[PDB]
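The structure appears right after this line, and notes come after that.
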Amino acid sequence: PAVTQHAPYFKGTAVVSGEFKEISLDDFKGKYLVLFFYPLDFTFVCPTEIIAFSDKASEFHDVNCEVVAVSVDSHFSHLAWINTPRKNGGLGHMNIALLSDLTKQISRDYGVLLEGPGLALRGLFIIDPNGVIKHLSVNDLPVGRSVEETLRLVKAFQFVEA
Amino acid sequence: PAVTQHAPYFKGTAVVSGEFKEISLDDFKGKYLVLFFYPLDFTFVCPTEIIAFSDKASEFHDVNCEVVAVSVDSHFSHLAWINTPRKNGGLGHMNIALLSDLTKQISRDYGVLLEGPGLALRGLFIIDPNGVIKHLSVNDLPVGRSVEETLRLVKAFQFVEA
Amino acid sequence: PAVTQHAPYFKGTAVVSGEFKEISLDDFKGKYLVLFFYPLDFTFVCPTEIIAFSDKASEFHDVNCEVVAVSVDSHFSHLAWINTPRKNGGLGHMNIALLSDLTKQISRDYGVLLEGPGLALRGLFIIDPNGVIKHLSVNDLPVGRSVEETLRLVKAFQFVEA
Amino acid sequence: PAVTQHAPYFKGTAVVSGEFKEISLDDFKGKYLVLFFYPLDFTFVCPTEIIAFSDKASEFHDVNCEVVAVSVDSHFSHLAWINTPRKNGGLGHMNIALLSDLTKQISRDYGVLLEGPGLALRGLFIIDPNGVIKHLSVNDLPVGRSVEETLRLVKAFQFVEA
Amino acid sequence: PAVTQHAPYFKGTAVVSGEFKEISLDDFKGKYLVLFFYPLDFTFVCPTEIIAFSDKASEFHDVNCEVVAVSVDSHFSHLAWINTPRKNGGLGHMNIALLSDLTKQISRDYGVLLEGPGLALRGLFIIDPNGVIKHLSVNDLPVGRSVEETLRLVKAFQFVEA
Amino acid sequence: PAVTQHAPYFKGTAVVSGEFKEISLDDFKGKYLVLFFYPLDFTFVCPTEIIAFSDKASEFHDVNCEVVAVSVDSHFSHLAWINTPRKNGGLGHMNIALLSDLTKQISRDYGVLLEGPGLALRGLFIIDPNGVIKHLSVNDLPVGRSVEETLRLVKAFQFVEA
Amino acid sequence: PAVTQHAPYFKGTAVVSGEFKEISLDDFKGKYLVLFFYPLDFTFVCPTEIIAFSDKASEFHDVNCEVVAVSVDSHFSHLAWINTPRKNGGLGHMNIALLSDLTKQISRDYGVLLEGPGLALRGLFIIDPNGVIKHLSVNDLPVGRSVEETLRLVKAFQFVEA
Amino acid sequence: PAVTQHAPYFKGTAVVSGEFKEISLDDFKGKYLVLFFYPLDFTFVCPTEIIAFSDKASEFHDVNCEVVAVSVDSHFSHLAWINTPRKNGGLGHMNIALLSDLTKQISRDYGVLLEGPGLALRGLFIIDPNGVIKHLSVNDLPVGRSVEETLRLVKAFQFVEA
Amino acid sequence: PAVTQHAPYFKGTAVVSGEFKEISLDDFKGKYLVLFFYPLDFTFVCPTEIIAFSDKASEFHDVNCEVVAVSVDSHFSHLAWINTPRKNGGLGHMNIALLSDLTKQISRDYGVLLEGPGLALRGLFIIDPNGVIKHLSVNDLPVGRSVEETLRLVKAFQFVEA
Amino acid sequence: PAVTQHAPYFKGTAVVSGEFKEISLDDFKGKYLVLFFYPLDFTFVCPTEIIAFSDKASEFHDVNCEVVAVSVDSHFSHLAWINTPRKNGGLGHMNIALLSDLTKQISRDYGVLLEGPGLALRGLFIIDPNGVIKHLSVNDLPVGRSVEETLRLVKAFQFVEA
Amino acid sequence: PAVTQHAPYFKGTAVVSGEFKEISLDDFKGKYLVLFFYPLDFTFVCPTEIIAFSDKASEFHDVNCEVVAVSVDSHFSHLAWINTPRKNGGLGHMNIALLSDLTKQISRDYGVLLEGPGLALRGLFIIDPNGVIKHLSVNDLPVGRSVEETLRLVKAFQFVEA
């Protein structure tokens, strides 16, 4: 999983709307994908960064880019978090797909999986319409990404490709 | 070279002031290090991002953080570029170390070395006082990092460590 | 296989990155080579010493020295062991090549092969850029080498050659 | 090793349950034995045929027949493969003994050892309670046996012996 | 006569239609050959397996495979057995060649000749269009092969060769 | 790389005019080629000898002789040096090709590559129209060649060739 | 002389205290023996390493290990060198036995004798109380062993034997 | 035999004055040596270049530099050539040593020996007071070196060494 | 090379008249050949025996016998010695071929080559019109053959062959 | 058995006077020895040459040289031939020792033994007082040596040795 | 090695002044040589007799005679003994060459080597300018030669040679 190669294939249940949906790398063929990982659902540290993406989500759609968050949690946990109101630490309505990686298999293939505790690092991948990774960020567990910065980067790769 | 392991060792000649100096990973023991890689000296795409770090360099020193840029070029090439005035595409005066990786070994060990052409990708590592990598970015060849963002990240890691 | 002669020739499939690659003694022409034998993959006694080299690998690289580990197992077992997380007794990401000696011919040529059980002793060879063996260790099966000492020795021989 | 003579003696470490156990031809005195060879552990081509036997294993037990698989790998590799879940190319739980032929000696004696690469052909022997070989199959490396057919054959030899 | 080598030369008189005809290994160049041995003509044990091949014969022709039976009998015995109606233990109309090995030489070269009594074991060989043996069965005298299974193997080797 | 065998193949980016161009050994078929290596660009020791060739360049052209310089530097570094005025240590206008050996591969094949530091020795090769090496010079790093002498040598090999 | 066989027999005159004494392998029955070879007395390269052992000698006695140095010189030379003060290149007081191998025999038997010059390589053997060799080092003539590391190795084999 | 390693040892009978003398590389310890090879005595192509050195011989002695010419002829051939007056193709009086390499061993060691015809190429080596090669030339058989250029080069290496 | 076998093949340049000429064993098919070896040209010991053959040369032609001398010298040395007047130790006009064995191969094949110094012993062979050796002499370096006696032997073998 | 090495040892019964006596190479220590082989006793071709030596025997004694003839016959045959009067093809009184080589061993060691028929060729060796062979003749079976010439040769070697 | 034959060849490192120098028998061509052997350096019994010669050394030089002392010790020991002041048993300044026979080969060839202990007997040879031994002395180990007597002998041999 390095910067000029095709991103590893993934399949898995996500929470797409208020519903469970099979999603794979192929569904993003010909689209820009911001795939990003976070440790665990219901953790005090994570929600703000995911919510930020959920907000700006449309900004990405305009520039022809999907955003899917992923963690090692069951898709049931994903739901239960969406169904928690932001007020009490939850996610609320979400505009980005929430992918379950119950199998730990996806986080392993993106080489972001801490095998010790068994949850993913804060990795982010920008994958172009041909399924080529153009960028990756990896942060240690307790530190959020800038959603603005990631948006800038997607646009920047589009610029240089036309 | 991944997020929570010690950064690989590196030694080599850098242009520290107007002068050549042997610098190693050990020199940054008990300090934060922002090690970042760029393809080649004298390329039309590189200078703006390196300059950007040279400027905000003090900001980093304040929060106890060194910045060293690296590329597969000779330390003589590094000097020449420094000695080019910014006006004519150069780098001019530099506040950050410019490390030579002539033997390609450092770029190799940070896993940023495109073996094909023999030059590094735009990788950036944030290394803590204990020599642990806390963050890595990798951009494809033609796209600059945000100096501002990097700095925010360094600070954030100290916050969460106190 | 004695100290001041050219190291016997070898060829064979190694796990070089995540990938199988043919490697021979000739590939290390002009470089220093630390060639080292271990009994078997998936043994409770071996992994720590092999990991130890994989970690300090960059240290060797800087001083123009390659490290390749070898044992009588198939390159398929090598991969499988690399693909085991260190947590559960595996090797994990490896920074050195893992050479397969399926035919037992390499271990035989370096005179480290216990013909009885059919596996190598813990031999280590330091071969210079001209293919001359400058040092050899051989330990009985259950006892590991010091990676630090081996590095000191590689450096030492370079000193004495300039 | 031909059809009406006694099968060559063999001794070696096998993975019997989850455990290592010394097994020899003598342990199968007064029982039918299906001894069968496969190239290497962790190869993409082998697992399906071995699994196939592991499943129908009981069918053989009922008709008083043991099944032991063998290859030139260490008994450690054998275990590691058993401990890989079928999902990811492994063997999973095994109902048959997995014999290690580290010394290549058993494959040599049964005349199935390709000396070139140093691994066995896909040979299968049906040995009766008196240690007499009644049947042998040998397939080139890439082609699996029919477990059903082998079972039919064992039954058939018992029929004709009563 | 082992699996990956060229099958030994053979020449001799066969009963091809109702006629005697010289055949040799060469006549099966660029075709698949199932060459199989049986003990003796007019034995109560043999006819059912031979007949079984005769029936499915065409199935083999379709996949570009010849089937020739062989035994140490004179080609006159062969004919006499063809001319015995199936009803009274004979062979009846035959769709495969019946090769005579009067000199015992063919059975010797394929290593299936019991020198004691002077007849062949129930050996079978699958020889590919290049004259390379890809599979061999040998059964003790009283037990038949499965025609179905042998056909599956022929098909399997063609598969893996395209 | 010895005297009466064909010069090893080489391909690489050169600074031909003011411009970058792909050049290989084949481009010199049917002509005399003086291939010569120098350590690094922007070193205080190197420029006088290169300049020397650059001047007498035409003398060589007259006798049907190309002159290409080479070092381990990027072709960008090359350009930058050309664009430095001779006054301030640079090359200025260049009449000879400047070949980049970024991969260190060319220097490795001509056997002039000090692997330790990772630059070339001051090696010179005279290669005839049929790609046969007729002469080689190798000087330690700090001592220049006489252009005059090299020219005489070229003439000489032609003299003797009819 | 390899790792798991008994160390070859040896008898010879050593400088035990200030006195000559016959010592043989037997005198070390039931003790650990560090038997190590060096080239020649009164060489500018040797003394430091020998001294190093003499100093830590006690450390070895504590863990039940003898240390005897050996070289092809007469025991008279040994004494003479012991009697040279360290100040002027000599050995001074010695805590280890210095064995004379005048006949070159002991070095021949431990397969450390360079027949050309007629002196020994820098070989080191760790022999256990049963006369079994557990470890061997051999360094080319100009490079010293680490005394610490050898000490660590002795301890380690004792650990593993209890 | 390459540029920065010690020149291979050589011994052999030379014609020193009008007299035969045993000379070895050791005789040139702490002096500069220009060792140069030529094909055969009494060839029409060779004499002019050897004479040229014999003339400027003193110039080299001044700058503390020996010159020995060597070819695969007997030292008797050497003498007879010296005893031929320049007038009729000879060498006449000689100010340099003429070394005999009858055994072809010296020419082999310096890697200049055409094994085919059994004679040397026109090689020249500059060896410093420590026995290190600083320069090598190799011309194909029919083309002379410049004695002046070689002289310049000797001085140049002394310059840079002080 | 022993008496009743065919004399080993030989080819090489000889000095036939005043001219160089290729000769081989074949040119002496159906003729008697006296092939004789001597140490070196321009030695004070050799010339008298060679001259002796040159004189009686015709005596040999009459009885249908060629005489060729040989030694490890170049054919240029050969000529130079022919051109030295007998007066001052030379050969003068020669009536026999003088074969060059520059490669030492001929002298090796006839088993007369002293490998130590690299020259031939004083061997002589009488080879008959069928290339069969009928007689051989070998003398230590300082002692001559009798031409008269050798002629008597040639005559004697013809006698006994008619 | 070649010219400058020690003559192979030999022991055996000879007919010394009219009597049998054990003689070995040692008995000729400090004397010159002409050891010469002949095919068989009682052959029509041999006697004249042996007689010839017997006559001039004293001439050899005077110059301190022994002469012993040898052939593969029993020492009894030797006697019987001595006891045949010259008149009827015999040898008559003999002044030289006649050595029996019944075991064919001596002729084997001197490499003159035709293994086919089992008799010696007409070989002659001149061995000096130190046991060094200075000369060897070998003639095919039907042709005699010149005794005069052999004597001249013995004298000649003494001359050159003083 | 006996009285009227040529002294066996010898080569080896000697301590000639305060320096190491290769010396061989050839170096003494045309001079008289007194080669004399002694047991071991640093023995209490030897020094007086060596010193004795060192003193009268010039007496020998006058009558055109060299004196070289030899023992089985390393040339390093030889130095150390020279550098020991006579006062404390040493040799002090030496006026004769001290030859090292580390390989025991020279003492072997001169037949003074006690193989048992591996050291030389007190043998002395007087070799004339042609390399012929004219006198030898051998004393048992503990007894010195009279230097005066040996000098008288050298003179006597010169007398009788003119």
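Identifiers in this document derive from the order of the structure tokens: chains are assigned A, B, ..., residues are numbered from 1 separately in each chain, and ligands are numbered from 1 in order of occurrence.
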| field | Residue list (strand (DSSP E or B), DSSP) for chain C, as number ranges by chain | value | C: 3, 5-6, 11-15, 20-24, 32-37, 65-71, 97-100, 113-114, 119-120, 122-127, 132-139
| task | Define the interface residues of chain H facing chain I as those within 6 Å, counting only C-alpha atoms, and report them as a VMD selection string. | result | chain H and resid 42 76 103 118
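When CA of residue 144 in chain F is paired with CA of residue 143 in chain H, their separation reads 21.8 Å.
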